[PDB]
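>>> need a structure here:
(4 chains, ligands or ions: 4)
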Amino acid sequence: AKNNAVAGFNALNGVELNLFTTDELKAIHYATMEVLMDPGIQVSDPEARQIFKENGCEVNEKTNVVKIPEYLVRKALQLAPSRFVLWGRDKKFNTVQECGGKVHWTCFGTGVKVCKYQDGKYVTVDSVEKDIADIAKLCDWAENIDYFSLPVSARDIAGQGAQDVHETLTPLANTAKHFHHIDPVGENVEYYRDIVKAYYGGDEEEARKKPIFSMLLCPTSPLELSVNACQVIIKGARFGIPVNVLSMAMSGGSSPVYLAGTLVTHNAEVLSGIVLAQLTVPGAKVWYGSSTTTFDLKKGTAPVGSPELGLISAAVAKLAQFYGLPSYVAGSXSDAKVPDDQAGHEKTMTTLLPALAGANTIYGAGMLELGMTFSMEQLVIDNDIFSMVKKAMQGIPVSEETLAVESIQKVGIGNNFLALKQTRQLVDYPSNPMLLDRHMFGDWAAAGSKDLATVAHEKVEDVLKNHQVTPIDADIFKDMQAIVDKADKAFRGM
Amino acid sequence: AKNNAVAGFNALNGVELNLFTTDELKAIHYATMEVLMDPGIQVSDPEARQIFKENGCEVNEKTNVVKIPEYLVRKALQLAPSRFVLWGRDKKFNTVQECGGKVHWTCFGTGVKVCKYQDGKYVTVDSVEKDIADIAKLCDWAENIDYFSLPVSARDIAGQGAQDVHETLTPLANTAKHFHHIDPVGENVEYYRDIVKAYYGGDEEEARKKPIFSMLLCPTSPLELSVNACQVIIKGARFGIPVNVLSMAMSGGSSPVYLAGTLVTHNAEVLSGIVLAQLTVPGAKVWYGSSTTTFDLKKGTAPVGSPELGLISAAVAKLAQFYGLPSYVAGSXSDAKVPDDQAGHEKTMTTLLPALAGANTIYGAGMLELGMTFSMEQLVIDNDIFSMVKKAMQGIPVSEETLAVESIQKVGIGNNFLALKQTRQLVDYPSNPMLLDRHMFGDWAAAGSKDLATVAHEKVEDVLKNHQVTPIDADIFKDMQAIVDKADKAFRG
Amino acid sequence: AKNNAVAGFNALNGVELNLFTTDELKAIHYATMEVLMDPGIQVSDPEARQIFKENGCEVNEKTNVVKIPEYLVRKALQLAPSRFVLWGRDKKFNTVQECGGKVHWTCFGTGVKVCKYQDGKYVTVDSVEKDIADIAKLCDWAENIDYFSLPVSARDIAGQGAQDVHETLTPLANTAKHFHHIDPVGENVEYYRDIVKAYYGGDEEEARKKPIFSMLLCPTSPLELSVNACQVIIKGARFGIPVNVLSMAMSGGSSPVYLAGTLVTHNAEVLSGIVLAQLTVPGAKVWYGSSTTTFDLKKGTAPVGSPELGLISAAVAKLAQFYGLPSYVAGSXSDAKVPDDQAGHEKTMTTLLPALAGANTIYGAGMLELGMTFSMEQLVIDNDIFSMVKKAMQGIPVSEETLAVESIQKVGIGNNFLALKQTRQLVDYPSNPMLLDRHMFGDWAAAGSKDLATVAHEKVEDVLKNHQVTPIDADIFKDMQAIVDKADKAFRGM
Amino acid sequence: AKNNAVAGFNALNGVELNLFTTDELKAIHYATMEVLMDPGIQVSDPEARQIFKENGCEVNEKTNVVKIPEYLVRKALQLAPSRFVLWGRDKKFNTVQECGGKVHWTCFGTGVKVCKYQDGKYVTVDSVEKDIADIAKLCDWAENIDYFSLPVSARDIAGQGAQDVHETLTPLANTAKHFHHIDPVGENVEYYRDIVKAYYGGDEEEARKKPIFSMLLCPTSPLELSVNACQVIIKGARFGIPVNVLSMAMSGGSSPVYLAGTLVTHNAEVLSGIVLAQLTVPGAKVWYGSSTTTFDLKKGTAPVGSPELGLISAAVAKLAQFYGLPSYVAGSXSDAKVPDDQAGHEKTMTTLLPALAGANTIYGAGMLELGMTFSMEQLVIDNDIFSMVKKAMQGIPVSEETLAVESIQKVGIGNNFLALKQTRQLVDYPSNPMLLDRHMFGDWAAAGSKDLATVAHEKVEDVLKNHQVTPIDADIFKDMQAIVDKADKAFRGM
Ligand code: NA
Ligand code: NA
Ligand code: NA
Ligand code: NA
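Numbers count the residues shown, from 1 in each chain, chains lettered A, B, ... in the order given. Ligands and ions are numbered 1, 2, ... in the order given. Sharing the structure here:
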């Protein structure tokens, strides 16, 4: 009869992308342990220095330099959890961050401009808190955007109050998905904590168990931890708020031209932050992240739509998998000023390498202009791209059924599979893009001979006009607004 | 002192892309050997059927179905060369096609329309032998295009002369790079042989030794070998011209919806061709090719800029490496009607996968509109994209030098590497795109706020107006031109 | 949201069992190649010797010793197909034999006695043609019995006609499954070809395309190919009949005591048979088979229900996979004289090793008494055993779905999965034995306190009395039956 | 000359069985860690909750639910010893339990009924303290039974005294092999400690250095730790008594139908016990154990002679080897009510998988009726089966010697190996079962046509009548018997 008994079989599910051998991973590690001991790392916050000192680090109090011994890096790595869950106000949006290759996406964060349509053209203008609400609504709709990362700055609130706290409630209000704050303020973490506690009716345990808010911080390249960064880490750990320690080194600028050497600088900085985190509160939820890229000597810019950004982010994901931590890297980025042929290429180049490598969170969707501008058109374009990427990540599934010899035989020479029952059952198996155009020249011309950007634009308009976002309870929202008012007051009363 | 003695070290040069385990490759293989025996393959050319029969295949002379035993597949694979060199008129354009991961690129082939600027916009018009000449010049300039593949059809010669023979001399004349004929005619292969024989001053040995010409043929899916195809294979092997057996199956159409099954249909078709080739002339140069894709039931078309094409082309390179043969697959393709955001995406999606997998030749550069139109703008864009893919393929080189600890220590905390000597020696190390814009908004606007398409268009212009292509010797050209005329004369008969 | 994107993932489907490293496989091989050149093999059939000589073998005509060079062994292996299909009269019984781990089972063959209940107990008596007809019917029912191998000898025909030809038509008439003749007679192969040709209305092409008959032969240990063995090979290749070159070596008797040495003897013998085949007709369907076992120096018998037999068969399956050929090995065998506790153990020991190893066909089902007797009871029992083995061969399928963390969480602490919808959907997922009793003492005693043996017996009766077999066309049969009568007359004509 | 210089050669000693890739193991791990945090584990004992809380666990005192952070699992796994020795009164019975593949067997534990021969037939009757003594004497004789595990309950002591304490001295007295108590009482652990201390004449150090006693506890599925379990873990750790954290989950009942999901449940449960142990006393000797099985909805029982049981037990060994701990799993089990064809099969099915997988201890020998009954016949039978399993585990040793080409060449074509000197020297190499019958029909019938069951019954009678057990020193036994009396006296006064 047809067999239904197969001895042990070796299989490959998806697509494997390799950049290192264990030997090489260790080489990078040793080099990092070497850097951590000399020069070491400049920890500007005194409270952080005391944490390091207490636990074994040598601390030069006049130069603020800390030398982290390898055993503390080991201890930290054994304390950090291998996974944690990001919650949304809508449980269906909960996103998992786990060591391994489960890839997820989030939008770029955080620009100072927005790419919008004025009088028959796309004009890049300064962003305002209002823009955040709109983008939050769009991302709430975009399926492939697992959670929300502060897209643009509420520049209009600058100097007027606690802008960072405004950048907390606006997002939480305009989307039910998890919120990741790219621009947190160390001294104001208590407000973020209070906002979330307010959402959960004053129940801090609830807030800790179902965190709807997390934050990011960047070590200062090369080899420094600013006062703000140290406080974000320490307060994140103590309040139970997921903290993303993301690097921002620059090859040929703040780190070696070579990528391996750059990863070393990145590794030293990120590990220092994670160590501080675990030393403050053992078991603190943390990300091993990066947006480190290459500096373009010949242009005077730090291109982030280049193959180097893709390779570096992919490498960082491999390093996080090597260390047992969840990763958060830059991807789906571009240096193009408009949603053109360039944006498409770069977005795909910088997203595919990190995705195939297994980055747990790839951020950059919707970004344009080397991380300066945010485009709603590019956001929906990128979202559709991730759908194509997820299909590719399916690789080739090999099984008696997928080989389908009987089908090939039933059809026979010179026929077609259109009528076949198996075929009609797999009607939804192939990739089905939302915006990408797969029509004959005719149908496309008759539709207006529109390009992707314009098609995307029409999509944005529809979403913003007809998408419903799960609103926060009328009363709870007031409790939350109260915290923002309190923050603005404290800010203005100097 | 500084170390200068390290024990055995395991390294990864480049970026490795894996899609199969050996057990899965075998499973696919068995499925194919199963299909080759039942239903088997329908060979239309009687000469080919005789070749197959003479060697052991069962040939039903009424249905024309040929059943190929597995031992013949093995014999064919033991005969086919693992590598061969493609020659251009200019030795500097020589390209190797070898089993493994050495990647190369070639333009698409062959469209019927051309996307060109008209009265303020890009208008897609039908192709002519003149268009071929222009593209050949553009590609002759594009560094990441190793050899030239027939881009568009010389439609203006249809029913007026031997179109295929015109499509042979025009390319050879307009570019010093090797030429790959996508639309050869079985009966006219001798014209081609002579064209080349002429180029080498009437020396056939030199033509065989330094082939500047090669052909492509497609088995008819599912499981068929048309008369034209068998003849291209037979004469190709007999004349010493590399033949590319490239599949054109369609998931949901001529092969199962599942990619694995599709790969089986493909494997059966391509191998049957390769078997014929080796049976004809043991040692004939051949390519394990593919442009197989999926059928969008929902859009009534066959998207070729999809993640599916990329996967298929990637898997075929792996099957090729598994069978010990050079590969030629679709890649750097798109379904967009214009060089927009969509084009850039699909071009990269379909090129990155086959490239990282190690496809020896990825073709599709310059193509748009599901393989209907060719675009010089997209072509130069693609060319720039390939430069970026090549940087990506460099991966992360790990060595004491690249780890650069001493540099990190010398620069120290809070400083920068700008003035570092090592940094200045590596000024050309980073990727440096030709078209892609890496400037800030200021400088970009100050340049007219141009998108990639226009920037590219301007490049096309500059190239077509100034690039110098090494021309064939006047005398020699007459000899070749003669064969074309002779062939056209015959056509009118 | 819930993840739906995973980077390359290494998986293990089923259970893998390993016995050798590539270095050890090669070691066995070199040993084999050395033995084939010295002392070589005694080919008693002059026609086969000729075939060998013509292709390059040194043949000593006065001793019949043929030394086979390694390049011929290589040539044969490259010529032999990696797979082929065994057809039944009922296409639904078709069975694939392919290099790899696709396992299948067939009954034992061929005994000279039958274990059956007489008057209050089991009595083992010599077999008769009628026994074959009943065992064929039984096996037609048993699902895990892919095809049918000549169970016992039609001993009552001895001395009256062509017993081997009777042994062909009876099986084919009593089951619609493919028939594997274990006692073919080199000289009568033409009769078998004709029976099958008759079944297909005189179409030899159809007979070659849909083989319902295949045969087995044994090299003579140590290192000999008898005339009968050579003729079965030569004619099978020439008539398009799948031939099983199966060894019957014996550790301590016809090969070294060590199992490696034994595999070397087995290897030389089996490969010589395969070479002959491919040299006779390139591409001839052949099996790499074995029923080689160890001799019990202490008991003066050849135990076939021992771990040694299980190990040998498993190793042979690995050697077959190593050489790229389908395997046919002894398994599910016992040395017990009755279907008892010993039976169950030995049957399981000797079937599990070869199954996990990946043997393409495991024969031995129904056998007892060291290969002398066939038991219908033990046959239905073995069939049930094969179901449990098929379940075990599933191993642990690891996927997000099978890990079911949500189910565990939804059910929570101190509760059960009985009402969970997922649970009721998998009502047929667990193993469900046909005979093995899983009832509480109460229900068991209430059913008669019957042991597996008698429960098995009751099943036999039921199947024999009610199972329906697809009959052969009355007229086609007549034509086949005629071939038998013809052979019987020629036989008597001495 | 003959070679005696061979470069690096890769070899395989034994039979390797594989079920998981490292990725799959990790996947089972993450799922388990996720479950240890939500829903977490219900620890009923208040002393245990304190132990957890003190070390960083979130403990909900109202629900008694403990959430174990991944860093504590890691810590416990780093503290637990990779190996430890089980002592017997006779140093020769000392059994090592070490992370890896060194397999050992022990009898089942613990039934409520015994399967014996009354008046012409086998009758299943309730057990008594005397039955423990007998079975202990039988297991003392069985060589493949490394140590003794409380086989049946001393029911005749129920309600009239400290049953468990009687179930301690009796075993120790009736066998000189290590004793594993399957049903220890948390509150009476001090009694066991004193009994052992008594054996070593008051030297508590010796008792700790040469443990002749160890115990087992079962987490309550799903996700629960009873007061008794916790006390066993804690006292065991503090007194220096090896503790076996053994799961008893059940697919489709207290855990998901899928095997993977069931493993997760098992993991969460067992690891919680191990964490408790290490936190109580770092370095405490423990086992990663299991007897988790499937539930047959179609039969209303939890079959333990199923392929599922074998798979689960084998998986638990692989997981243990992954975590670096010694394993103790169920195997050599059957659902049959009598020692018949079924018993033999299941026993082998469920012992071979874990054995080939490397379980450090497989318990179940002598058991019948889904874990309800203990059969001395099935015990000696199982013990013999293990001897066959041990031979199978030899796999194929490949060396110039075992390949024995010179031997093959010496004997030559068509000859015999019996007379060969090498063969005579290897007469004890082949498997030599004690009960399994390998005689030709004649000799067997002459011996009575006895099946394995009856043959076993005879060996039982012979052992029980003639086997000698090294007795405990008369004086020492007095002190020991005293503790038991003191325990009983205590039981009565309440
Ligand atoms: Na796959
Ligand atoms: Na590298
Ligand atoms: Na598995
Ligand atoms: Na071995």
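>>> so where do the helices sit in the stretch 301-450 of chain A?
A:307-323, A:341-357, A:376-392, A:400-403, A:405-411, A:421-425, A:441-446 (DSSP state H, counting those that start in this stretch).
>>> dump the residue contacts of whichever residue of the stretch 201-350 of chain A sits closest to ligand 4.
Per C-beta to the ion, residue A:322 is where the stretch 201-350 of chain A lies closest to ligand 4, at 34.0 Å. Where C-beta positions appear, they are placed from N, C-alpha and C, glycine not excepted. Contacts of residue A:322 were listed using C-beta atoms under 8 Å, 6 or more residues apart in numbering or on different chains, and they are A:20, A:25.
>>> try residue A:115
A:122-124, A:338-339, A:368-369, A:373-378 are the contacts of residue A:115 under C-beta under 8 Å, 6+ apart.
>>> quick one: the residue of the stretch 201-350 of chain A closest to ligand 4 and residue D:25, what's the gap?
17 Å (C-beta to C-beta, to the nearest Å).
>>> picking that back up, what's the spacing between the residue of the stretch 201-350 of chain A closest to ligand 4 and residue B:8?
Taking C-beta to C-beta, one finds residue A:322 at 21 Å from residue B:8.
>>> which residue does the stretch 201-350 of chain A have closest to ligand 3?
For the stretch 201-350 of chain A, C-beta to the ion, closest residue to ligand 3: residue A:321, 21.1 Å.
>>> that residue: neighbouring residues, count only.
Other residues within reach of residue A:321, judged by other C-beta atoms under 10 Å in any protein chain shown, total 22.
>>> ok, it touching residue A:358?
Yes: using C-beta atoms under 8 Å, residue A:321 makes contact with residue A:358 at a distance of 6.3 Å.
>>> between these two, which contacts overlap?
With C-beta under 8 Å, 6+ apart, residue A:321 and residue A:358 have common neighbours A:100-101, A:327.
>>> and the helix ranked longest in chain A, anywhere near chain D?
Longest helix in chain A, counting residues (DSSP state H): helix A:259-280. No: Helix A:259-280 stays clear of chain D (C-beta under 8 Å from any C-beta of the partner chain), getting no nearer than 8.8 Å.
>>> how distant is that helix from the center of its chain?
18 Å (C-alpha atoms, centre = their mean, to the nearest Å).
>>> tell me the angle of that helix relative to helix A:307-323?
40 degrees (axes from the mean of the first three to the mean of the last three C-alpha atoms, to 10 degrees).
>>> how about the shared contacts of residue A:321 and residue A:358 in a markdown table, adding neighbour count?
Output for the shared contacts of residue A:321 and residue A:358, formatted as a markdown table (neighbours: other C-beta atoms under 10 Å in any protein chain shown):
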| residue | neighbour count |
| --- | --- |
| A:100 | 22 |
| A:101 | 27 |
| A:327 | 32 |
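>>> pick the one among these closest to chain D.
residue A:100 (6.8 Å; C-beta to the nearest C-beta).
>>> return the residues in contact with the closest one.
Counted by C-beta under 8 Å, 6+ apart, residue A:100 has contacts A:321, A:358, A:360, D:23, D:26-27, D:30.
>>> out of those, which end up buried?
Neighbour-count burial (16 or more other C-beta atoms under 10 Å in any protein chain shown) is assigned, among the contacts of residue A:100, to A:321, A:358, A:360, D:23, D:26-27, D:30.
>>> which of the helices of the stretch 301-450 of chain A is buried the deepest?
helix A:341-357 (a mean of 31; mean count of other C-beta atoms under 10 Å in any protein chain shown).
>>> quick one: whichever residue of the stretch 351-494 of chain A sits closest to chain D from chain C, how far?
Closest approach between the stretch 351-494 of chain A and chain D, counting by C-beta to the nearest C-beta: residue A:358, at 11.0 Å. Residue A:358 sits at a distance of 3 Å from chain C (criterion: C-beta to the nearest C-beta, to the nearest Å).
>>> for residue A:214, which non-adjacent residue is spatially closest?
Among residues not flanking residue A:214 along the chain, residue A:242 sits closest, at 3.6 Å (C-beta to C-beta, 6 or more residues apart in numbering or on different chains).
>>> that neighbour contacts residue A:83, doesn't it?
No: here residue A:242 does not reach residue A:83: they are 11.0 Å apart, not a contact under C-beta under 8 Å.
>>> need the residues of the stretch 151-300 of chain A near ligand 3, please.
Taking C-beta under 5 Å from the ion, no part of the stretch 151-300 of chain A reaches ligand 3.
>>> ok, which stretches of the stretch 151-300 of chain A are helices?
A:163-174, A:189-199, A:204-209, A:227-239, A:259-280.
>>> OK, contacts around the closest residue to ligand 4 within the stretch 101-250 of chain A?
Shortest the stretch 101-250 of chain A-to-ligand 4 distance, computed as C-beta to the ion: residue-wise this is residue A:101, at 35.4 Å. Contacts for residue A:101 (C-beta under 8 Å, 6+ apart) come out as A:321, A:357-358, C:6-9.
>>> identify the residue spatially nearest to residue A:8, adjacent ones excluded.
residue C:16 (2.8 Å).
>>> please name the residues that touch that neighbour.
A:7-10, C:356, D:16-19.
>>> equivalent analysis for residue A:308, please.
Counted by C-beta under 8 Å, 6+ apart, residue A:308 has contacts A:251, A:259, A:293-294, B:391, B:430-431.
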